[PDB]
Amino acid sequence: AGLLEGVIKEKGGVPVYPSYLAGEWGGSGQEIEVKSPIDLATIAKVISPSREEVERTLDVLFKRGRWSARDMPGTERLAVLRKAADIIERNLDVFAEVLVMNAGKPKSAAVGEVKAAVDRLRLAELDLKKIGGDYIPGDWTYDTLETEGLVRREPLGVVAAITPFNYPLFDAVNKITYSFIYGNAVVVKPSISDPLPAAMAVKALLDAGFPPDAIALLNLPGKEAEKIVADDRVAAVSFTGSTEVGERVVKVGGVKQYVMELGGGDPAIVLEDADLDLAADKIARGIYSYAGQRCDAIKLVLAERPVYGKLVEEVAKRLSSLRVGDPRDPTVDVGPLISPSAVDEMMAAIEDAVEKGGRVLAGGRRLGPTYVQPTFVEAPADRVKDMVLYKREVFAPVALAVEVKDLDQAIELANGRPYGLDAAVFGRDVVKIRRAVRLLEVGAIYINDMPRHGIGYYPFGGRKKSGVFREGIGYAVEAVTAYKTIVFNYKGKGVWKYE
């Protein structure tokens, strides 16, 4: 359609999407089927590049793309991004439909993601708040007298952006945006599960003027991407995905600059003075949004004795009164999970919790190979820590509810999971809140709201098993830029007179 007009190869009934090889759309490696979780049907195919095409693409990115991106002044890069935003925006419905179909995303969620992608592109100028360099006077030390330094940021070169299946459009646009804005060339490697949105975004950027040899989109399955991560021409790896793959990526990449957003779930804590209506609403939402397939989804709810009853009651009502089905209905609240495998795991995990003293408070019923009801499992503090739902991230709409004596116990249980992405705290007392802020070991804490990374207006990232470094408007500069120091020596040259 319009955008991918001459790109998509209509062959054998299903549209065939090629990879973009830093100059031309193409590919001559195995073709791979892309399915919809809505009906397990094949909706398209993508052409992966061969080994020689990967090698040739990296060579173009390194030898030419680095310079095309860097030698395009920032004023023009910004124009490129603002124009790409316009193109995506006018093709909004088309972008959204693919998200609904390829990712099983409910209509309102698909529309929200496209819009986040557009805003991210349009606010590229706010990323400049952290682009200026430093001027360091030398007279504060005897050894540096009559000396001085300039510290400025420089693009690293080629950034490999590896994206997860759950934000197939936004994650790719976000990484491309902060990488390009600072002068880098970029290699995008989307989940082979739903690579269509990224293909569309990359086409819009190319139409907008993005230097043709400074970007690549390689539809490669997981382990074939290792080839890219391990290459010396790739100076940085921005990876968003699971902990286990993140580990593999670093061990394969070796010394390089990395940003690792490794998810895991998020705990929510409700203090006795919390507005329970606000909390119940925000928590229910954090649990089921996009069928819990959000890195920042609430997986554990801790509530102090006096509000626990009401709170868990309201959240249960809110969850069971939800409509599950095909994501196309603007009436549906929850669509399918990405694969039948994901549902299998959620069910096995719910059973595990029950066998260990847990009781289902809402949901619990599987509705098909990829459909399930958002579940809320109550569990006694003394047994919760051994439950699979606590010890692991079950990427589905399921959370545990645990009653706690006080803030200290809530903090301890929240910190007991191996992850540390975000945490949410509902309450009003400034002291209790300040204590929780200090002691919760996570990259971000949301006071009186559900965790929501949005477009990264506020930086976010993990602690512990949730990764390292941050993404965010401005802050992402640390991940795809290197400092360059220039020290000038004027010793005895008469600039200063002993100072």
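Throughout, we count residues from 1 along the sequence that is shown.
The stretch with the higher mean CA B factor, choosing between 218-226 and 259-267, is 218-226. When the two stretches 359-367 and 178-186 are set side by side, the higher mean Cα temperature factor goes to 359-367. Note on the listed residues 349, 201, 121, 162: the highest Cα temperature factor in the record is that of 349. Set against one another, the Cα B-factors of 173, 206, 372, 283 in the record reach their highest point at 372. In the PDB entry, residue 144 places in the lowest third of its chain by CA B-factor. Ranked by C-alpha B-factor against the other modelled residues of its chain, residue 56 falls in the highest third. Annotation for residue 335: C-alpha temperature factor in the middle third relative to the rest of the modelled chain, per the entry. The entry lists a Cα temperature factor for residue 470 that places it in the lowest third of the chain's modelled residues. When the modelled residues of the chain are ordered by their C-alpha B factor, residue 76 lands in the lowest third.
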